[PDB]
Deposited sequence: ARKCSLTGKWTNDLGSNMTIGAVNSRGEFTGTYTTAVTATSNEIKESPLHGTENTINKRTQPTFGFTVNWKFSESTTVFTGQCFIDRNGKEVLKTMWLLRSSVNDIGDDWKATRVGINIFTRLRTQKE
């Protein structure tokens, strides 16, 4: 199967740790990068798949931004677990007139540390 629980690291030099996905599929973890912000997510548990679909939020302790990730767990063709993800990074604006430029979008690949 492909568990999320554990430590992961990405193509950007940003490690990550994930707790034990509970009954209803929730979990928490921590995110580390050049700080240490809290993480909260949910892995889709329906057809009890082996390559689950998931999503989590990160509220930074060093600023008023939020990043959300969606992604899937894959057992790569080379046998490794890989989290392919995509994110939305929201910035805090002042006026509803500047909303248009608050969202950034990116990719990010993780692996077991």
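The deposited chain is incompletely modelled, with C-alpha atoms absent over 1-2, 37-44, 124-128.
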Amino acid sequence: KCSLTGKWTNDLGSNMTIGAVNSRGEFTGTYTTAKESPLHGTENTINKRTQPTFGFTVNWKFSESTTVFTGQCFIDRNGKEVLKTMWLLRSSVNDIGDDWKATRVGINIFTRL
From here on, numbers count along this sequence of modelled residues.
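Comparing 38-46 with 63-71, the stretch with the higher mean C-alpha B-factor in the PDB entry is 38-46. Relative to its counterpart among 19-27 and 99-107, 19-27 has the higher mean temperature factor, C-alpha atoms as listed in the PDB entry.
Highest CA B-factor among the listed residues (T33, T85, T53, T57): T33.
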